[PDB]
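Shown next as structure tokens: one chain only, the form deposited in one PDB entry.
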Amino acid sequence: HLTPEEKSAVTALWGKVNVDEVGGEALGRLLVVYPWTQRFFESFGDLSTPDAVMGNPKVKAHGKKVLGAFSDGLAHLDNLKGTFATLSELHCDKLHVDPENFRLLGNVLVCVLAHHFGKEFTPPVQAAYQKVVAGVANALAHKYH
């Protein structure tokens, strides 16, 4: 449910995203700011400090996949349900992640984009992305609905 102007705002910024770094930057901040999400990443090892989390290679590798999923969603804003169906089954029926954490991860991502783009991440640009991350979270939670 994006306008041409919001689509224009979202893709222009996304083209500048370092897809090898932004995913892990957001997953790490999630694990640091909302430390109960670490419950799902016991295997990742050292999450004992903020530095440990951010510099942890497993966090960076995984976030890259997460950002891979967001990129796919951006390319299918009109069928986010189908795009995230298998990820929904995984995160819902298998992992039992409360869907409120999807919203949090999405908002954390918004903070990462604001951090890296500064003035360029304008209030209108943010509004468009809040729609995007809301839709992803809702799609990823479809198996609860």
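Note that residue numbering begins at 1 and tracks the sequence as displayed. By rigid core we mean the largest C-alpha set that fits within 1.5 Å across both forms. Residues that one form lacks are left out of the comparison.
Separately, the form deposited in another entry exists; it is not shown, and the next lines address it.
> Taking the rigid core as reference, which of 114, 87, 104, 77 is displaced at the C-alpha by at least 2 Å between this form and the one not shown?
Result of the superposition: 77 is the only one at 2 Å or more.
> Once everything's superposed on the core, is residue 68 shifted 2 Å or more at the Cα between this form and the one not shown?
Shift at residue 68: 2 Å or more after core fit.
> If the C-alpha spacing of residue 78 and residue 17 moves by 3 Å or more in the other form, is that a move closer or farther apart?
Relative to the displayed form, residue 78 and residue 17 draw closer in the other form - a change of at least 3 Å between their C-alphas.
> Any idea whether residue 134 and residue 80 get closer or farther by CA distance in the other form, knowing it moves 3 angstroms or more?
Note: Cα gap between residue 134 and residue 80 widens in the other form.
> Residues present in both forms, rigid core superposed: which consecutive runs of three or more show CA displacements of 2 Å or more between this form and the one not shown?
Shifted runs of three or more residues, which all move 2 Å or more: 68-75, 77-82.
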